[PDB]
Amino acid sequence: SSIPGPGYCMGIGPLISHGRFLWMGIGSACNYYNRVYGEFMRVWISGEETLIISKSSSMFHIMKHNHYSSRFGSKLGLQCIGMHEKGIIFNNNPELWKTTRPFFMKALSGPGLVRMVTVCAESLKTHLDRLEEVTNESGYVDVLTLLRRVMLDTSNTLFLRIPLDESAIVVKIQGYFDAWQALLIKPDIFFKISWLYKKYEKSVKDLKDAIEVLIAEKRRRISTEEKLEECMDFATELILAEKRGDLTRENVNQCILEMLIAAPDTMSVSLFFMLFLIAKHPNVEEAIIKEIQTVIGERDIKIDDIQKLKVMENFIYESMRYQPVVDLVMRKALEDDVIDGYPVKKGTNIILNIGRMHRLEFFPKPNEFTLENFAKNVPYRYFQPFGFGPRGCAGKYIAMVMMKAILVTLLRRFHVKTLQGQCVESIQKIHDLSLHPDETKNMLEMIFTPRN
């Protein structure tokens, strides 16, 4: 099988397609190109041939096998944000990625995942008592900012635990994400004309310098520390690995950065969307509340409770299916292969359009939000919200814990209303690297009225 997609008009196809990605945003471009051409098609980002693929089979092949455990993107852009051959998220050096990932994987499972269930709860509680910090005169809560701050507090107290300016760092993290998003697929040309990216360069510096402060203190505390065996955590594990000779200070520093931003970037937007679904789906809200009564009562949330919360689990999955935040995934082929029908050379970029795939394949009612879609056990090869295999989401397990943890603690205490008719469908979203609300609009606030 030869490959679908636009014509290579002797060097115009590549320029229009890259330009389309820049103009529309990565995610909407992927959808455009899938809807026009096949569910398996070719495009160019910069020069290199880049496949955009929504076919469940192809997705599964790619994530399963070890010769796709790379991503891609502008080397100059990645260098700019400090992700070029450094952390793990966009660390495309196979050997260096291989050696770094285990640190993340240890921290996001076993005992740390058990700790997380209560660290999440206490953080949100603590923030819901300080609801003045986020609420209007008119009673409107800035849910996004609330969520970001608890995601950051949570992440800190589990992986690092140094005191910090919660509010300031949340704003800096947003700046870093925006920068990352901007520069990820910008052509080299862009980086020559340098009053066009100095803007972003400063966002990165601001976050990177704020974290250098924290990791500096963390270093001091480790050197003085007496019973070092007792109080292990992600930051420490890394720092100790450097102190052997396994890791580089620069790399450590990026991994710490990357762990802190991860949840503020993604969890908060997912829970936001989930809250807007709860608002406009009262049928489901009851079921969830009934389940909480049955299972938890007015006891504190505990690790053993989370498996029992079957309805909420399905709610989360359906929210992530229907309204994804991470609707697409970037890989690269490290060896040649045949993939479904088509041949794929090494160095070929890949974009798995998992958000489109969740509407085209397995589910009874793909285009409407219903828990009937998760009434019958879903095979993991028809629904990958986190990905799987050697480079799947490192937080995939702990994330589900955290989402159940915060929804329970919030919905226990507050009914959630949404201003006007506003719903997830009527929210105006940007659809570039991730899929998230356009924050330059308004009517993104919510209202929290008590229970009992």
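Numbering starts at 1 and runs along the sequence shown.
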Review point. Per the PDB record, is the mean Cα temperature factor higher over 293-301 or over 171-179?
Key: 293-301
Point to revise | Which of 220-228 and 159-167 has higher mean CA B factor, as the PDB entry lists it | key: 220-228
Study note, to complete from the structure: The largest CA temperature factor among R331, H127, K345, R101 is found at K345
Check your understanding: Among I239, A107, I193, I81, where is the Cα temperature factor highest, going by the PDB entry?
Key -> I193
Exercise for review: Ordered by C-alpha B-factor within the chain, which third holds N34? Give me lowest, middle or highest, please.
Suggested key: highest
Exercise for review: Pull the Cα B-factor of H61 out of the PDB entry and bin it into the chain's lowest, middle or highest third.
Suggested key: middle
Exercise for review: Looking at the entry's B-factor column for C-alpha atoms only, identify whether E85 ranks in the lowest, middle or highest third of its chain.
Suggested key: lowest
Point to revise | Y197 by Cα B-factor - lowest, middle or highest third of the modelled chain | key: highest
Study note, to complete from the structure: Here the Cα B-factor of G395, set against its chain, lands in the third termed lowest
